[PDB]
Structure formats: C-alpha cells, structure tokens
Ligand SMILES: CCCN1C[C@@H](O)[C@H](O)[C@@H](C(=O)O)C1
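Shown below, as structure tokens, is a lone chain in the form deposited without the ligand; questions about how it binds or moves come after it.
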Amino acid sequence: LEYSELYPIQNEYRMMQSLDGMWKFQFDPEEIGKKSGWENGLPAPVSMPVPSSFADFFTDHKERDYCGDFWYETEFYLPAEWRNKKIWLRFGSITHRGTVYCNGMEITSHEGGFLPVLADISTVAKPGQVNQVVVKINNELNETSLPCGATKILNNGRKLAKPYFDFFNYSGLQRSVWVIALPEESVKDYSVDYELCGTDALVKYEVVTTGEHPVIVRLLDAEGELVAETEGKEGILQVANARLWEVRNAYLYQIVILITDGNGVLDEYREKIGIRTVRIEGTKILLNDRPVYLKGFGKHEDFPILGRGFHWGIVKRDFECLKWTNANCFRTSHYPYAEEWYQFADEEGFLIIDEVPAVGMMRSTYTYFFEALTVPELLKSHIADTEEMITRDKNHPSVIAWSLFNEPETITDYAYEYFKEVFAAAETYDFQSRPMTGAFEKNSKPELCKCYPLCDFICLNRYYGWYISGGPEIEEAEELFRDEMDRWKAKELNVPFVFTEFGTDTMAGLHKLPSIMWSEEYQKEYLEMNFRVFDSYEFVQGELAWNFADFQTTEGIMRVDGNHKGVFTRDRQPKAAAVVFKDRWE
C-alpha cells in the first residue's frame, strides 16, 4: 500500500525503460557480500539473463541447487529529461526475498517472490548519467513466509532447499525489470466494480492519488470513442448498450484517469478493463448472471532452461493449446503469475482463479502445522501477499476468484482461526468482493474439515485412481470417490464444487495393452472414470485438470525428471489424453 502496483505505461507524463538483458551475478555462500561492499559492485561476477531463473543454466550440481544469498547487478543510463520526476525501479518479482540497492544506497526490502517490488530511487538517481542497481537475493524456505518449507545444512555447510511443495525452487529475477518516471502527483491505485442494468451497465470506481488535485475519469470503447465521463475520485460511469466482457469472447473498454489543476493535465493513466460480473448463487457460478461451467487446467510458470522466467512466446503457445482443448479457465497454481498472463487472458476471454502462494502448509518434505509459534508471522506475510495480489490483479476482468490456499491442514480449530483472518483481509482488499476459495486436499474430510464454511465455493484436489487405489483397483477408486461425494451431498451446503486437481503421471510414449498406471492409455481411462463421477452431482460446476503441462520438481524417487501429470509435454505437445479434454469440452 506504500507504492503503486499499477503496470507501467508510456505517455506524456509517464516514462519507462527496460532493464532486461544480461545482468551481473554472483553467489554469496559465505554471506559476506554486505560487509565486503558488494552493494557498490560485484567483485567476481558471471553473466545472468533477466528475466529468467538462474538454476538451469549451470552444468554443475552445486550452482543449480544453490540455496542462500546471491547478488545481481546492472547499470543503466537515465535520460536527462527524467529529472524532477519520481523515479522508481520496478521488478516484476524478486524470488524469494531481497534488498534493493541503487548507487550504493539501500532503498527497500521485500518479502514474497511472486509479486512486484518497487524501489523509490528519486533521491539517489542520477539523470543524464549511468546509474547502478544492485540486488541481494535469498532463496531459502521457512515456515514464516510463503511458500513454506525448510532449509537443510549439509555437513560441508552448503545449504539445501527442502520444499513442503511439489515444484522446483526456481528463483532469481524471473520477471521483467523496468526503471520508470512518474509525475510528482500521480495516480497510485484505482478499483472498478460492475453492475448490469438491462441493456446498460454501471462502472463504479474509486481512485487513489499522491496529491489533492481533481481527478477526471473517462471511459472509451474498443474504438477509442468516449462513452462516459465524470469528475472526482469516487463515482459511477453509466454505459449505454454496454458491450459485456464474455467467456472466450472479450470486449475491453479503456479507462482513462486524469489528474488536472484546471490549467493542464498533471498525470494520465490508462488500462483496459472489461465490464463483467461474477457471483455465486446456490450451486451456480454466475458470469454476467448466467451459469458457467469451468473447463481447464491448473498451470505453472515453467519452461525448459528459462525456469519460471517470463516470455511472451510461452504465453502465446500455451493459449493456442488452451483454445485447442476448448478450455475457458485456468488457476494460477501455486502463485501469482507475471502480469502479462492476465493481460492476455483479458484479451482472449479466459477465466482465472488467482492463487496466493499459500502452499506447503503441511509439514512434510497430521503434522500439527498451525500450532507452531511461527504461525502469527506466517499469517501476516500471508495476509501481506494476499493484499499485494488482490491490489495488483483486481481490475482484470479475467480474474473471477481468489484462491487463498492449496492443501493446508484444516481439521482443527487453529486452522479455522488462521484462515478466517485471511478471508477477512482478502474481502476488505477486493473492491468487487468476488468469490473466495482454496483448494482442499483429501485429509480435509467432510466430517473433519472446519474451513470449507469460509468458502464461496469449494475446490477439491482428488486423486482417486492415482494416489488412492488406482491401477488394478480403479473400480474401488470410483466407489471411494462416489462415497465421499455422497457425504458432501448429504451435507447439503448448497454451494458449487470445483475440482481443481485430478490427474495421473504419464510418460509420453509409454503404451500398454492393457493399460498400466504410467501409460498414456491409463491417463485416458482415469480421466473418463473421473468424468462419470463429476457428472453424477449437480453442484459440480468446474473441472480444472492437473496439470496443463509437465513441469520441474525437486528430484526424488517419485519424480521422473519432474511432474508428468501434464496433458501436454514440457515443450507443449499433446499426449493422447489431450484429445479427451478437447472432445468433452467442445
């Protein structure tokens, strides 16, 4: 809340300059960088591309598996014309923790590796000269920040990451970095909310600025024609014959927020928004007052060599595959994605369940998690990341729901009190108050779980046919699945249910007749068993398969070069089961 989450733009009042490219990089295993003056320059750097994860570049284990402090450095020329402007460094993310230095001066620190980091360098910046940014980063895992895990010290002293989650601990500067210039009085934040009125629609808004001058808000349609205008930091814009934002059929209006002093304009921010409503009614999920069935996948930001590094080419291919399967939805498991994904989703008309990195809240590399004395601190960084996510993503039409956890322990009252504070925080930060949920693991039995009442709809991760029974026992897997669903049904909660995870590990090329658990044929049979079960219950309103694509995990005896529950290979090619989704979702 002390900086703007707004995506940077370029106009007459705002400037931006990319810092993507080869940075300087150095591991700091002895943790002596600060005492040694590295914040003024790295002594023995290697080259490192930004944006990217560092891990997959190296050819030796110790660098790939590095856990601890490590440093980035680059230089950049500041145009003279940026002089008395507010000058900020904007990192798409810093994974997981970091301190930003600029021209030798400490600027800011941040916790949480999947959301923007802003550093005000106005006082130390040097316009018309070359400037320096240095970043100290740490990638360790603990139980006081998200995502949760442990750090092991080997008997040579080198650190090892021990995730409580099932994905590789990629880290570094994984998203784009900008240096930007803002007017001294600027638009800092805004929120929009929608109401449908017959052929018309109301856009309710509120604006936060860093000053006191009047704010003027305009709405332009997709052709740049003015359709509404009002003055003030709060208001309602009326849109005649409103073109609603629809599933797989986007329409985007453009909101224009101006700061003025009666003489001239002081600032202007523009963004594309979509007029749409989301709500839950009974067991229905309503988009623009109509029932919608969620069809899609959980994904990962994951790609060969780049790691979690952002690239538009990955966005384009993934969306072409999504469209090919006739999906309409994905969950950003298990963390907020780079902002460009939501922009693209907005344009393509895809629905998004936006997920906070609240994963690994079951201490296993019943565990009595949420009773440690570290939990109050865990809770505050959880609420912090939720605040940052919601503030940054709330105005994306594609975002229809917040997912506030994935597979935590929920069967005690400690868990209820923890998650109650998170849901309360989330609802206060969302101007639209859209649906909130989390993904439940099987241990959260309907008789035992205490947290599902907090949810607007219920998300289940279930693996009947894989981790439970399955293989020769798949007939028993279906009976067990129907039994649990009967118990949920008997509770008569009158809420929608969405399956957010279900799948089988599948090796591309493994064929067997009859099928065996890792073969491509088993994946299809498993999917079709699950489909029969889904379709047996009226309150089931969505299916998000796990996973869109094979992705990297911590290595171990149960992961053959990562997770193979993908419907696509890691290089984005379809396994036989992809067509099953394609035909059903059509």
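Residue indices: 1-based, along the sequence shown.
Absent from the display: the form deposited with the ligand bound. The rest refers to it.
Looking at residue 268, you'd find every heavy atom of it more than 4.5 angstroms from the ligand in the deposited complex.
Mapping the unseen interface onto this chain, residue 332 falls outside it, with no heavy atom inside 4.5 Å of the ligand in the deposited complex. Contact check for residue 406: a non-hydrogen atom falls within 4.5 Å of the ligand in the deposited complex.
Among heavy atoms of residue 551, some come within 4.5 Å of the ligand in the deposited complex. Of the candidate stretches 183-191, 429-437, 461-469, 99-107, only 461-469 has residues whose heavy atoms lie within 4.5 Å of the ligand in the deposited complex. Site annotation in the deposited complex: the residue of 501, 318, 120, 73 reaching within 4.5 Å of the ligand with a heavy atom is 501.
With the partner omitted here, the residue from 532, 64, 559, 34 that has a non-hydrogen atom within 4.5 angstroms of the ligand in the deposited complex is 559.
Looking at 543-579, the residues that come within 4.5 Å of the ligand in the deposited complex, counting any heavy atom, are 546, 551, 559, 563, 565.
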